[PDB]
$ cat my_file23.csv   # CSV, N, CA and C atoms
chain,number,residue,atom,x,y,z
A,1,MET,N,13.2,3.7,-9.9
A,1,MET,CA,12.2,4.5,-9.2
A,1,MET,C,12.5,6.0,-9.2
A,2,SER,N,11.5,6.8,-9.1
A,2,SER,CA,11.7,8.3,-9.1
A,2,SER,C,12.4,8.7,-7.8
A,3,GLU,N,13.7,9.1,-7.8
A,3,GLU,CA,14.4,9.5,-6.7
A,3,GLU,C,14.3,8.4,-5.6
A,4,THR,N,14.8,8.8,-4.4
A,4,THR,CA,14.8,7.9,-3.2
A,4,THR,C,13.9,8.4,-2.1
A,5,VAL,N,12.7,7.9,-1.9
A,5,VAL,CA,11.8,8.4,-0.9
A,5,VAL,C,12.5,8.2,0.5
A,6,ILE,N,12.0,9.0,1.5
A,6,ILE,CA,12.6,8.9,2.9
A,6,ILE,C,11.6,8.2,3.8
A,7,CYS,N,10.4,8.8,4.0
A,7,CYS,CA,9.4,8.2,4.9
A,7,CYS,C,8.0,8.3,4.3
A,8,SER,N,7.0,7.9,5.1
A,8,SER,CA,5.6,8.0,4.6
A,8,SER,C,4.7,8.0,5.8
A,9,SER,N,3.9,9.1,5.9
A,9,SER,CA,3.0,9.3,7.0
A,9,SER,C,1.5,9.5,6.5
A,10,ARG,N,0.6,9.2,7.3
A,10,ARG,CA,-0.8,9.4,7.0
A,10,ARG,C,-1.3,10.8,7.6
A,11,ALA,N,-1.8,11.7,6.7
A,11,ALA,CA,-2.2,13.0,7.2
A,11,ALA,C,-2.8,13.8,6.0
A,12,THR,N,-3.6,14.8,6.4
A,12,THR,CA,-4.3,15.7,5.4
A,12,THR,C,-3.5,17.0,5.4
A,13,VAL,N,-2.6,17.1,4.4
A,13,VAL,CA,-1.8,18.3,4.3
A,13,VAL,C,-2.6,19.5,4.3
A,14,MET,N,-2.1,20.6,4.9
A,14,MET,CA,-2.8,21.9,5.0
A,14,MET,C,-1.8,23.0,4.7
A,15,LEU,N,-2.3,24.0,3.9
A,15,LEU,CA,-1.6,25.2,3.6
A,15,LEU,C,-2.1,26.4,4.3
A,16,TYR,N,-1.2,27.1,5.0
A,16,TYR,CA,-1.5,28.3,5.7
A,16,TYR,C,-1.7,29.5,4.8
A,17,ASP,N,-2.6,30.4,5.2
A,17,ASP,CA,-2.8,31.6,4.4
A,17,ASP,C,-2.6,32.9,5.3
A,18,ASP,N,-1.3,33.2,5.5
A,18,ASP,CA,-0.9,34.3,6.4
A,18,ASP,C,-1.7,35.6,6.0
A,19,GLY,N,-2.1,35.7,4.7
A,19,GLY,CA,-2.9,36.8,4.3
A,19,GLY,C,-4.2,36.9,5.1
A,20,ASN,N,-4.7,35.8,5.5
A,20,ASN,CA,-6.0,35.8,6.3
A,20,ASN,C,-5.8,35.1,7.7
A,21,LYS,N,-4.6,34.6,7.9
A,21,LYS,CA,-4.2,34.0,9.2
A,21,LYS,C,-5.1,32.8,9.5
A,22,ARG,N,-4.7,31.7,8.8
A,22,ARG,CA,-5.5,30.4,8.9
A,22,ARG,C,-5.0,29.3,8.0
A,23,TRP,N,-5.5,28.1,8.1
A,23,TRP,CA,-5.1,27.0,7.3
A,23,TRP,C,-6.0,26.9,6.1
A,24,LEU,N,-5.5,26.1,5.1
A,24,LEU,CA,-6.3,25.9,3.9
A,24,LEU,C,-5.8,24.6,3.1
A,25,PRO,N,-6.8,23.7,2.8
A,25,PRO,CA,-6.4,22.5,2.1
A,25,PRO,C,-5.4,22.7,1.0
A,26,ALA,N,-4.2,22.2,1.2
A,26,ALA,CA,-3.1,22.3,0.2
A,26,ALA,C,-3.6,21.9,-1.2
A,27,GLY,N,-3.9,20.7,-1.4
A,27,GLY,CA,-4.3,20.2,-2.7
A,27,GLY,C,-5.6,20.9,-3.2
A,28,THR,N,-6.7,20.2,-3.2
A,28,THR,CA,-7.9,20.7,-3.7
A,28,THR,C,-8.9,21.0,-2.5
A,29,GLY,N,-10.1,21.2,-2.8
A,29,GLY,CA,-11.1,21.4,-1.7
A,29,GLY,C,-11.3,20.2,-0.8
A,30,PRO,N,-12.0,19.2,-1.4
A,30,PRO,CA,-12.2,17.9,-0.6
A,30,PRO,C,-11.0,17.5,0.2
A,31,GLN,N,-11.3,16.6,1.2
A,31,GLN,CA,-10.2,16.1,2.0
A,31,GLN,C,-10.5,14.7,2.5
A,32,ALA,N,-9.5,14.0,2.9
A,32,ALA,CA,-9.6,12.6,3.4
A,32,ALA,C,-8.2,12.1,3.7
A,33,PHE,N,-7.4,12.9,4.4
A,33,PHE,CA,-6.0,12.5,4.7
A,33,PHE,C,-5.2,12.3,3.4
A,34,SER,N,-3.9,11.9,3.5
A,34,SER,CA,-3.1,11.7,2.4
A,34,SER,C,-1.8,11.1,2.8
A,35,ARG,N,-1.2,10.3,1.9
A,35,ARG,CA,0.1,9.6,2.1
A,35,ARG,C,1.2,10.4,1.6
A,36,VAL,N,1.8,11.2,2.5
A,36,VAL,CA,2.9,12.1,2.2
A,36,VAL,C,4.3,11.4,2.4
A,37,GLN,N,5.1,11.5,1.4
A,37,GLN,CA,6.4,10.9,1.5
A,37,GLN,C,7.5,11.9,1.1
A,38,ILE,N,8.7,11.8,1.7
A,38,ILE,CA,9.8,12.7,1.5
A,38,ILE,C,10.7,12.1,0.4
A,39,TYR,N,11.3,13.0,-0.3
A,39,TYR,CA,12.3,12.6,-1.4
A,39,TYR,C,13.7,12.9,-1.0
A,40,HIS,N,14.6,11.9,-1.0
A,40,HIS,CA,16.0,12.2,-0.7
A,40,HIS,C,16.8,12.2,-2.0
A,41,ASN,N,17.0,13.3,-2.6
A,41,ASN,CA,17.8,13.5,-3.8
A,41,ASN,C,19.2,14.1,-3.4
A,42,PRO,N,20.1,13.2,-3.1
A,42,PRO,CA,21.5,13.6,-2.7
A,42,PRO,C,22.3,14.1,-4.0
A,43,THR,N,21.8,13.8,-5.2
A,43,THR,CA,22.5,14.2,-6.4
A,43,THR,C,22.7,15.7,-6.4
A,44,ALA,N,21.8,16.4,-5.7
A,44,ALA,CA,21.9,17.8,-5.6
A,44,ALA,C,21.9,18.3,-4.1
A,45,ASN,N,21.9,17.4,-3.2
A,45,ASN,CA,21.9,17.7,-1.8
A,45,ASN,C,20.7,18.5,-1.4
A,46,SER,N,19.5,18.0,-1.9
A,46,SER,CA,18.3,18.7,-1.6
A,46,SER,C,17.2,17.7,-1.3
A,47,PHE,N,16.1,18.2,-0.7
A,47,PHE,CA,15.0,17.4,-0.3
A,47,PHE,C,13.6,18.0,-0.7
A,48,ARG,N,12.6,17.2,-0.8
A,48,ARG,CA,11.3,17.7,-1.2
A,48,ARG,C,10.2,16.7,-0.7
A,49,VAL,N,9.0,17.3,-0.3
A,49,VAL,CA,7.9,16.5,0.1
A,49,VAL,C,6.9,16.2,-1.0
A,50,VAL,N,6.3,15.0,-0.9
A,50,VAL,CA,5.3,14.6,-2.0
A,50,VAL,C,4.3,13.7,-1.4
A,51,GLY,N,3.0,14.2,-1.4
A,51,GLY,CA,1.9,13.4,-0.8
A,51,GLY,C,0.7,13.5,-1.6
A,52,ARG,N,-0.1,12.4,-1.6
A,52,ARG,CA,-1.4,12.4,-2.4
A,52,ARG,C,-2.5,11.8,-1.5
A,53,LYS,N,-3.7,12.0,-1.9
A,53,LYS,CA,-4.9,11.6,-1.2
A,53,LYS,C,-4.9,10.1,-1.2
A,54,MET,N,-5.9,9.5,-0.4
A,54,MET,CA,-6.1,8.1,-0.3
A,54,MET,C,-7.4,7.6,-0.9
A,55,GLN,N,-7.6,8.1,-2.1
A,55,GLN,CA,-8.9,7.8,-2.8
A,55,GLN,C,-8.6,7.5,-4.3
A,56,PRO,N,-9.5,6.8,-5.0
A,56,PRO,CA,-9.3,6.4,-6.4
A,56,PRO,C,-8.9,7.6,-7.2
A,57,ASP,N,-9.2,8.8,-6.8
A,57,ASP,CA,-8.8,10.0,-7.5
A,57,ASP,C,-7.3,10.1,-7.6
A,58,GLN,N,-6.6,10.0,-6.5
A,58,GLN,CA,-5.2,10.1,-6.4
A,58,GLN,C,-4.7,11.5,-6.8
A,59,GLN,N,-4.7,12.4,-5.9
A,59,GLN,CA,-4.2,13.8,-6.2
A,59,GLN,C,-3.2,14.2,-5.2
A,60,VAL,N,-2.1,14.8,-5.6
A,60,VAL,CA,-1.0,15.3,-4.8
A,60,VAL,C,-1.4,16.5,-4.0
A,61,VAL,N,-1.4,16.4,-2.7
A,61,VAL,CA,-1.7,17.5,-1.8
A,61,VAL,C,-0.5,18.3,-1.4
A,62,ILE,N,0.7,17.8,-1.6
A,62,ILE,CA,1.9,18.5,-1.2
A,62,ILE,C,3.0,18.1,-2.3
A,63,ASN,N,3.7,19.2,-2.6
A,63,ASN,CA,4.8,19.0,-3.6
A,63,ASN,C,5.7,20.2,-3.6
A,64,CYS,N,6.5,20.3,-2.5
A,64,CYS,CA,7.4,21.4,-2.3
A,64,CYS,C,8.8,20.9,-2.0
A,65,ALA,N,9.8,21.7,-2.1
A,65,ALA,CA,11.2,21.3,-1.9
A,65,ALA,C,11.7,22.0,-0.6
A,66,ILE,N,12.5,21.2,0.2
A,66,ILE,CA,13.1,21.7,1.4
A,66,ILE,C,14.6,21.5,1.4
A,67,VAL,N,15.3,22.6,1.6
A,67,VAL,CA,16.8,22.6,1.5
A,67,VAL,C,17.4,23.5,2.6
A,68,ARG,N,18.0,22.8,3.6
A,68,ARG,CA,18.6,23.5,4.8
A,68,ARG,C,18.0,24.8,5.1
A,69,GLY,N,16.6,24.9,5.1
A,69,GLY,CA,15.9,26.1,5.4
A,69,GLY,C,14.7,25.9,6.1
A,70,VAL,N,14.1,24.7,6.1
A,70,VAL,CA,12.8,24.5,6.8
A,70,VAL,C,13.1,23.6,8.0
A,71,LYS,N,12.4,24.0,9.1
A,71,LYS,CA,12.5,23.2,10.3
A,71,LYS,C,11.2,22.8,10.9
A,72,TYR,N,10.9,21.5,10.9
A,72,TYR,CA,9.6,21.0,11.4
A,72,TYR,C,9.3,21.6,12.8
A,73,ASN,N,8.1,22.2,12.9
A,73,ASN,CA,7.6,22.8,14.2
A,73,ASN,C,6.8,21.8,15.0
A,74,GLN,N,6.0,21.1,14.3
A,74,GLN,CA,5.2,20.1,15.0
A,74,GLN,C,4.3,20.7,16.1
A,75,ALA,N,3.2,21.3,15.6
A,75,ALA,CA,2.2,22.0,16.5
A,75,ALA,C,1.7,21.1,17.6
A,76,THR,N,1.3,19.9,17.2
A,76,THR,CA,0.7,18.9,18.1
A,76,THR,C,1.3,17.5,17.8
A,77,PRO,N,1.0,16.5,18.6
A,77,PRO,CA,1.4,15.1,18.4
A,77,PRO,C,1.0,14.6,17.0
A,78,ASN,N,0.0,15.2,16.5
A,78,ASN,CA,-0.5,14.8,15.1
A,78,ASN,C,-0.6,16.0,14.2
A,79,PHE,N,0.5,16.7,14.0
A,79,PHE,CA,0.6,17.8,13.1
A,79,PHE,C,2.0,18.3,12.9
A,80,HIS,N,2.3,18.7,11.6
A,80,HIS,CA,3.6,19.2,11.3
A,80,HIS,C,3.5,20.4,10.4
A,81,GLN,N,3.9,21.5,11.0
A,81,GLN,CA,3.8,22.8,10.2
A,81,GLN,C,5.2,23.4,10.1
A,82,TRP,N,5.7,23.7,8.9
A,82,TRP,CA,7.0,24.3,8.6
A,82,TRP,C,6.8,25.5,7.7
A,83,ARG,N,7.7,26.5,7.9
A,83,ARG,CA,7.7,27.7,7.1
A,83,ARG,C,8.9,27.7,6.2
A,84,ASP,N,8.7,27.6,4.9
A,84,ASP,CA,9.8,27.6,3.9
A,84,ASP,C,10.1,29.0,3.4
A,85,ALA,N,9.4,29.5,2.4
A,85,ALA,CA,9.6,30.8,1.9
A,85,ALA,C,8.7,31.8,2.5
A,86,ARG,N,7.4,31.7,2.1
A,86,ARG,CA,6.4,32.6,2.6
A,86,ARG,C,5.1,31.8,3.0
A,87,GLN,N,5.0,30.5,2.7
A,87,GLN,CA,3.9,29.7,3.0
A,87,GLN,C,4.1,28.8,4.2
A,88,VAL,N,3.1,28.1,4.6
A,88,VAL,CA,3.2,27.1,5.7
A,88,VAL,C,2.5,25.8,5.3
A,89,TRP,N,3.2,24.7,5.4
A,89,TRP,CA,2.6,23.4,5.1
A,89,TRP,C,2.3,22.7,6.4
A,90,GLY,N,1.1,22.9,7.0
A,90,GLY,CA,0.7,22.3,8.2
A,90,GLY,C,-0.2,21.1,7.9
A,91,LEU,N,0.3,19.9,7.9
A,91,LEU,CA,-0.4,18.7,7.6
A,91,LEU,C,-0.9,18.1,8.9
A,92,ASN,N,-2.2,17.7,8.9
A,92,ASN,CA,-2.8,17.1,10.1
A,92,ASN,C,-2.7,15.5,9.9
A,93,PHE,N,-2.2,14.9,10.9
A,93,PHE,CA,-2.1,13.4,10.9
A,93,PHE,C,-3.3,12.7,11.6
A,94,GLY,N,-3.4,11.4,11.4
A,94,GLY,CA,-4.5,10.7,12.0
A,94,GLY,C,-4.1,9.8,13.1
A,95,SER,N,-2.9,9.2,13.0
A,95,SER,CA,-2.4,8.4,14.1
A,95,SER,C,-1.0,8.9,14.6
A,96,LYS,N,-0.6,8.4,15.8
A,96,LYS,CA,0.6,8.8,16.4
A,96,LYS,C,1.8,8.4,15.5
A,97,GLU,N,1.8,7.2,15.0
A,97,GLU,CA,2.8,6.7,14.2
A,97,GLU,C,3.0,7.5,13.0
A,98,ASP,N,1.9,8.0,12.4
A,98,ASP,CA,2.0,8.9,11.2
A,98,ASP,C,2.8,10.1,11.5
A,99,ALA,N,2.4,11.0,12.4
A,99,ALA,CA,3.1,12.2,12.7
A,99,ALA,C,4.5,11.8,13.2
A,100,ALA,N,4.7,10.7,13.8
A,100,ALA,CA,6.0,10.3,14.3
A,100,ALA,C,6.9,9.8,13.2
A,101,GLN,N,6.3,9.0,12.3
A,101,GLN,CA,7.1,8.5,11.1
A,101,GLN,C,7.5,9.7,10.2
A,102,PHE,N,6.5,10.6,9.9
A,102,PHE,CA,6.7,11.7,9.0
A,102,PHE,C,8.0,12.5,9.4
A,103,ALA,N,8.0,12.9,10.7
A,103,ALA,CA,9.2,13.6,11.2
A,103,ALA,C,10.5,12.8,11.0
A,104,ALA,N,10.3,11.5,11.1
A,104,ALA,CA,11.4,10.6,11.0
A,104,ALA,C,12.3,10.9,9.8
A,105,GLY,N,11.7,10.7,8.6
A,105,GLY,CA,12.5,11.0,7.4
A,105,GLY,C,12.8,12.5,7.3
A,106,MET,N,11.8,13.3,7.5
A,106,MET,CA,12.0,14.8,7.4
A,106,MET,C,13.2,15.2,8.2
A,107,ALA,N,13.2,15.0,9.5
A,107,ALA,CA,14.2,15.3,10.4
A,107,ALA,C,15.6,14.9,9.8
A,108,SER,N,15.6,13.8,9.1
A,108,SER,CA,16.8,13.3,8.5
A,108,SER,C,17.2,14.2,7.3
A,109,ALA,N,16.2,14.7,6.6
A,109,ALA,CA,16.5,15.7,5.5
A,109,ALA,C,17.1,16.9,6.0
A,110,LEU,N,16.4,17.6,7.0
A,110,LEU,CA,16.9,18.8,7.5
A,110,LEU,C,18.2,18.7,8.2
A,111,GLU,N,18.6,17.4,8.5
A,111,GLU,CA,19.9,17.1,9.2
A,111,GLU,C,21.0,16.9,8.2
A,112,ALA,N,20.6,16.3,7.0
A,112,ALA,CA,21.6,16.0,6.0
A,112,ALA,C,21.7,17.2,5.0
A,113,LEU,N,20.9,18.2,5.2
A,113,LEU,CA,20.9,19.4,4.4
A,113,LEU,C,21.5,20.6,5.1
A,114,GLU,N,21.3,20.7,6.4
A,114,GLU,CA,21.8,21.8,7.2
A,114,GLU,C,23.2,21.4,7.7
A,115,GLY,N,23.5,20.1,7.9
A,115,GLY,CA,24.8,19.7,8.4
A,115,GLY,C,24.7,18.4,9.1
$ encode --input "my_file23.csv" --output "structure tokens"
Amino acid sequence: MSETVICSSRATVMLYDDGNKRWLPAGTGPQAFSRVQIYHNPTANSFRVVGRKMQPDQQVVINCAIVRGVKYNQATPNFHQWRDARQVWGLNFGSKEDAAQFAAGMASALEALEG
């Protein structure tokens, strides 16, 4: 299998546009939540998020890498916004378990990457 996934949460990934101060659908225009999973690649001691929509289309809404530099902010019980380089990946969740599970793996990444 492609690398070793960490966790999986239900949410509609969102990309912030500091240029205009607001959020913006990471993937394409349409929306309908997405199954985002984290990738645990210890071969290089690095992590990366990967999520796709929940429709026959199957499109990745998130595909970035996190390495001892991003720290989950968690705006609300059902939201996770982190600042990596210059962008912001604020994904909106649908259920408590989603936002809770998502941070589960992630938190592990930021912990095995930072120290």
$ atom_distance --input "my_file23.csv" --atom1 "atom N of residue 10 (chain A)" --atom2 "atom N of residue 49 (chain A)"
13.9 Å
$ atom_distance --input "my_file23.csv" --atom1 "CA of residue 91 (chain A)" --atom2 "CA of residue 2 (chain A)"
23.1 Å
$ closest_residue --input "my_file23.csv" --among "A:67, A:12, A:61, A:95" --to "residue 27 (chain A)" --atoms "all atoms listed in the file"
A:61
$ closest_residue --input "my_file23.csv" --among "A:4, A:38, A:16, A:29" --to "residue 102 (chain A)" --atoms "only N, CA and C atoms"
A:38
$ closest_residue --input "my_file23.csv" --among "A:5, A:66, A:24, A:99" --to "residue 113 (chain A)" --atoms "all atoms listed in the file"
A:66
$ closest_residue --input "my_file23.csv" --among "A:44, A:70, A:106, A:60" --to "residue 86 (chain A)" --atoms "only C-alpha atoms"
A:70
$ residues_around --input "my_file23.csv" --residues "residue 87 (chain A)" --least-positions-apart "4" --cutoff "7 Å" --atoms "only N, CA and C atoms" --output "list in words"
residues 15, 16, 17, 18, 82 and 83 of chain A
$ residues_near_point --input "my_file23.csv" --point "(16.2, 10.5, 2.5)" --cutoff "7 Å" --atoms "all atoms listed in the file" --output "list in words"
residues 4, 5, 6, 7, 38, 39, 40, 41, 105, 108 and 109 of chain A
$ atom_distance --input "my_file23.csv" --atom1 "CA of residue 114 (chain A)" --atom2 "CA of residue 72 (chain A)"
12.9 Å
$ closest_residue --input "my_file23.csv" --among "A:21, A:31, A:79, A:73" --to "residue 57 (chain A)" --atoms "only C-alpha atoms"
A:31
$ closest_residue --input "my_file23.csv" --among "A:23, A:68, A:9, A:84" --to "residue 54 (chain A)" --atoms "only C-alpha atoms"
A:9
$ select_by_dssp --input "my_file23.csv" --residues "chain A" --states "strand (DSSP E)" --output "PDB file with N, CA and C atoms, keeping the file's coordinate frame"
ATOM      1  N   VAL A   5      12.700   7.900  -1.900  1.00  0.00           N
ATOM      2  CA  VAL A   5      11.800   8.400  -0.900  1.00  0.00           C
ATOM      3  C   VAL A   5      12.500   8.200   0.500  1.00  0.00           C
ATOM      4  N   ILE A   6      12.000   9.000   1.500  1.00  0.00           N
ATOM      5  CA  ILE A   6      12.600   8.900   2.900  1.00  0.00           C
ATOM      6  C   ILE A   6      11.600   8.200   3.800  1.00  0.00           C
ATOM      7  N   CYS A   7      10.400   8.800   4.000  1.00  0.00           N
ATOM      8  CA  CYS A   7       9.400   8.200   4.900  1.00  0.00           C
ATOM      9  C   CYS A   7       8.000   8.300   4.300  1.00  0.00           C
ATOM     10  N   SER A   8       7.000   7.900   5.100  1.00  0.00           N
ATOM     11  CA  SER A   8       5.600   8.000   4.600  1.00  0.00           C
ATOM     12  C   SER A   8       4.700   8.000   5.800  1.00  0.00           C
ATOM     13  N   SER A   9       3.900   9.100   5.900  1.00  0.00           N
ATOM     14  CA  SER A   9       3.000   9.300   7.000  1.00  0.00           C
ATOM     15  C   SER A   9       1.500   9.500   6.500  1.00  0.00           C
ATOM     16  N   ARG A  10       0.600   9.200   7.300  1.00  0.00           N
ATOM     17  CA  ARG A  10      -0.800   9.400   7.000  1.00  0.00           C
ATOM     18  C   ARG A  10      -1.300  10.800   7.600  1.00  0.00           C
ATOM     19  N   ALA A  11      -1.800  11.700   6.700  1.00  0.00           N
ATOM     20  CA  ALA A  11      -2.200  13.000   7.200  1.00  0.00           C
ATOM     21  C   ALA A  11      -2.800  13.800   6.000  1.00  0.00           C
ATOM     22  N   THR A  12      -3.600  14.800   6.400  1.00  0.00           N
ATOM     23  CA  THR A  12      -4.300  15.700   5.400  1.00  0.00           C
ATOM     24  C   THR A  12      -3.500  17.000   5.400  1.00  0.00           C
ATOM     25  N   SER A  34      -3.900  11.900   3.500  1.00  0.00           N
ATOM     26  CA  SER A  34      -3.100  11.700   2.400  1.00  0.00           C
ATOM     27  C   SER A  34      -1.800  11.100   2.800  1.00  0.00           C
ATOM     28  N   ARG A  35      -1.200  10.300   1.900  1.00  0.00           N
ATOM     29  CA  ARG A  35       0.100   9.600   2.100  1.00  0.00           C
ATOM     30  C   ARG A  35       1.200  10.400   1.600  1.00  0.00           C
ATOM     31  N   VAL A  36       1.800  11.200   2.500  1.00  0.00           N
ATOM     32  CA  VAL A  36       2.900  12.100   2.200  1.00  0.00           C
ATOM     33  C   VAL A  36       4.300  11.400   2.400  1.00  0.00           C
ATOM     34  N   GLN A  37       5.100  11.500   1.400  1.00  0.00           N
ATOM     35  CA  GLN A  37       6.400  10.900   1.500  1.00  0.00           C
ATOM     36  C   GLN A  37       7.500  11.900   1.100  1.00  0.00           C
ATOM     37  N   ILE A  38       8.700  11.800   1.700  1.00  0.00           N
ATOM     38  CA  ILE A  38       9.800  12.700   1.500  1.00  0.00           C
ATOM     39  C   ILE A  38      10.700  12.100   0.400  1.00  0.00           C
ATOM     40  N   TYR A  39      11.300  13.000  -0.300  1.00  0.00           N
ATOM     41  CA  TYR A  39      12.300  12.600  -1.400  1.00  0.00           C
ATOM     42  C   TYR A  39      13.700  12.900  -1.000  1.00  0.00           C
ATOM     43  N   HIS A  40      14.600  11.900  -1.000  1.00  0.00           N
ATOM     44  CA  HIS A  40      16.000  12.200  -0.700  1.00  0.00           C
ATOM     45  C   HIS A  40      16.800  12.200  -2.000  1.00  0.00           C
ATOM     46  N   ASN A  41      17.000  13.300  -2.600  1.00  0.00           N
ATOM     47  CA  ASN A  41      17.800  13.500  -3.800  1.00  0.00           C
ATOM     48  C   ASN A  41      19.200  14.100  -3.400  1.00  0.00           C
ATOM     49  N   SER A  46      19.500  18.000  -1.900  1.00  0.00           N
ATOM     50  CA  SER A  46      18.300  18.700  -1.600  1.00  0.00           C
ATOM     51  C   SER A  46      17.200  17.700  -1.300  1.00  0.00           C
ATOM     52  N   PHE A  47      16.100  18.200  -0.700  1.00  0.00           N
ATOM     53  CA  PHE A  47      15.000  17.400  -0.300  1.00  0.00           C
ATOM     54  C   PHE A  47      13.600  18.000  -0.700  1.00  0.00           C
ATOM     55  N   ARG A  48      12.600  17.200  -0.800  1.00  0.00           N
ATOM     56  CA  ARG A  48      11.300  17.700  -1.200  1.00  0.00           C
ATOM     57  C   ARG A  48      10.200  16.700  -0.700  1.00  0.00           C
ATOM     58  N   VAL A  49       9.000  17.300  -0.300  1.00  0.00           N
ATOM     59  CA  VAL A  49       7.900  16.500   0.100  1.00  0.00           C
ATOM     60  C   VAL A  49       6.900  16.200  -1.000  1.00  0.00           C
ATOM     61  N   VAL A  50       6.300  15.000  -0.900  1.00  0.00           N
ATOM     62  CA  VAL A  50       5.300  14.600  -2.000  1.00  0.00           C
ATOM     63  C   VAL A  50       4.300  13.700  -1.400  1.00  0.00           C
ATOM     64  N   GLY A  51       3.000  14.200  -1.400  1.00  0.00           N
ATOM     65  CA  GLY A  51       1.900  13.400  -0.800  1.00  0.00           C
ATOM     66  C   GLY A  51       0.700  13.500  -1.600  1.00  0.00           C
ATOM     67  N   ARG A  52      -0.100  12.400  -1.600  1.00  0.00           N
ATOM     68  CA  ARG A  52      -1.400  12.400  -2.400  1.00  0.00           C
ATOM     69  C   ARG A  52      -2.500  11.800  -1.500  1.00  0.00           C
ATOM     70  N   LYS A  53      -3.700  12.000  -1.900  1.00  0.00           N
ATOM     71  CA  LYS A  53      -4.900  11.600  -1.200  1.00  0.00           C
ATOM     72  C   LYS A  53      -4.900  10.100  -1.200  1.00  0.00           C
ATOM     73  N   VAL A  60      -2.100  14.800  -5.600  1.00  0.00           N
ATOM     74  CA  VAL A  60      -1.000  15.300  -4.800  1.00  0.00           C
ATOM     75  C   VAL A  60      -1.400  16.500  -4.000  1.00  0.00           C
ATOM     76  N   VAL A  61      -1.400  16.400  -2.700  1.00  0.00           N
ATOM     77  CA  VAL A  61      -1.700  17.500  -1.800  1.00  0.00           C
ATOM     78  C   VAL A  61      -0.500  18.300  -1.400  1.00  0.00           C
ATOM     79  N   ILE A  62       0.700  17.800  -1.600  1.00  0.00           N
ATOM     80  CA  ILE A  62       1.900  18.500  -1.200  1.00  0.00           C
ATOM     81  C   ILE A  62       3.000  18.100  -2.300  1.00  0.00           C
ATOM     82  N   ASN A  63       3.700  19.200  -2.600  1.00  0.00           N
ATOM     83  CA  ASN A  63       4.800  19.000  -3.600  1.00  0.00           C
ATOM     84  C   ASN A  63       5.700  20.200  -3.600  1.00  0.00           C
ATOM     85  N   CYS A  64       6.500  20.300  -2.500  1.00  0.00           N
ATOM     86  CA  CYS A  64       7.400  21.400  -2.300  1.00  0.00           C
ATOM     87  C   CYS A  64       8.800  20.900  -2.000  1.00  0.00           C
ATOM     88  N   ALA A  65       9.800  21.700  -2.100  1.00  0.00           N
ATOM     89  CA  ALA A  65      11.200  21.300  -1.900  1.00  0.00           C
ATOM     90  C   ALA A  65      11.700  22.000  -0.600  1.00  0.00           C
ATOM     91  N   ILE A  66      12.500  21.200   0.200  1.00  0.00           N
ATOM     92  CA  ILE A  66      13.100  21.700   1.400  1.00  0.00           C
ATOM     93  C   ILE A  66      14.600  21.500   1.400  1.00  0.00           C
ATOM     94  N   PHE A  79       0.500  16.700  14.000  1.00  0.00           N
ATOM     95  CA  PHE A  79       0.600  17.800  13.100  1.00  0.00           C
ATOM     96  C   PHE A  79       2.000  18.300  12.900  1.00  0.00           C
ATOM     97  N   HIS A  80       2.300  18.700  11.600  1.00  0.00           N
ATOM     98  CA  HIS A  80       3.600  19.200  11.300  1.00  0.00           C
ATOM     99  C   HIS A  80       3.500  20.400  10.400  1.00  0.00           C
ATOM    100  N   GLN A  81       3.900  21.500  11.000  1.00  0.00           N
ATOM    101  CA  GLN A  81       3.800  22.800  10.200  1.00  0.00           C
ATOM    102  C   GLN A  81       5.200  23.400  10.100  1.00  0.00           C
ATOM    103  N   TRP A  82       5.700  23.700   8.900  1.00  0.00           N
ATOM    104  CA  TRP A  82       7.000  24.300   8.600  1.00  0.00           C
ATOM    105  C   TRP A  82       6.800  25.500   7.700  1.00  0.00           C
ATOM    106  N   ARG A  83       7.700  26.500   7.900  1.00  0.00           N
ATOM    107  CA  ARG A  83       7.700  27.700   7.100  1.00  0.00           C
ATOM    108  C   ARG A  83       8.900  27.700   6.200  1.00  0.00           C
ATOM    109  N   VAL A  88       3.100  28.100   4.600  1.00  0.00           N
ATOM    110  CA  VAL A  88       3.200  27.100   5.700  1.00  0.00           C
ATOM    111  C   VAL A  88       2.500  25.800   5.300  1.00  0.00           C
ATOM    112  N   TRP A  89       3.200  24.700   5.400  1.00  0.00           N
ATOM    113  CA  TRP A  89       2.600  23.400   5.100  1.00  0.00           C
ATOM    114  C   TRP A  89       2.300  22.700   6.400  1.00  0.00           C
ATOM    115  N   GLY A  90       1.100  22.900   7.000  1.00  0.00           N
ATOM    116  CA  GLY A  90       0.700  22.300   8.200  1.00  0.00           C
ATOM    117  C   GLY A  90      -0.200  21.100   7.900  1.00  0.00           C
ATOM    118  N   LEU A  91       0.300  19.900   7.900  1.00  0.00           N
ATOM    119  CA  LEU A  91      -0.400  18.700   7.600  1.00  0.00           C
ATOM    120  C   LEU A  91      -0.900  18.100   8.900  1.00  0.00           C
ATOM    121  N   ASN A  92      -2.200  17.700   8.900  1.00  0.00           N
ATOM    122  CA  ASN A  92      -2.800  17.100  10.100  1.00  0.00           C
ATOM    123  C   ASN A  92      -2.700  15.500   9.900  1.00  0.00           C
ATOM    124  N   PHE A  93      -2.200  14.900  10.900  1.00  0.00           N
ATOM    125  CA  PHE A  93      -2.100  13.400  10.900  1.00  0.00           C
ATOM    126  C   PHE A  93      -3.300  12.700  11.600  1.00  0.00           C
TER     127      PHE A  93
END
$ axis_aligned_box --input "my_file23.csv" --around "region 11-19 of chain A" --padding-each-side "5 Å" --output "AutoDock Vina command-line options"
--center_x -2.6 --center_y 24.3 --center_z 5.4 --size_x 13.4 --size_y 35.2 --size_z 13.6
$ residues_near_point --input "my_file23.csv" --point "(9.7, 21.5, -0.9)" --cutoff "6 Å" --atoms "all atoms listed in the file" --output "list in words"
residues 47, 48, 49, 63, 64, 65 and 66 of chain A
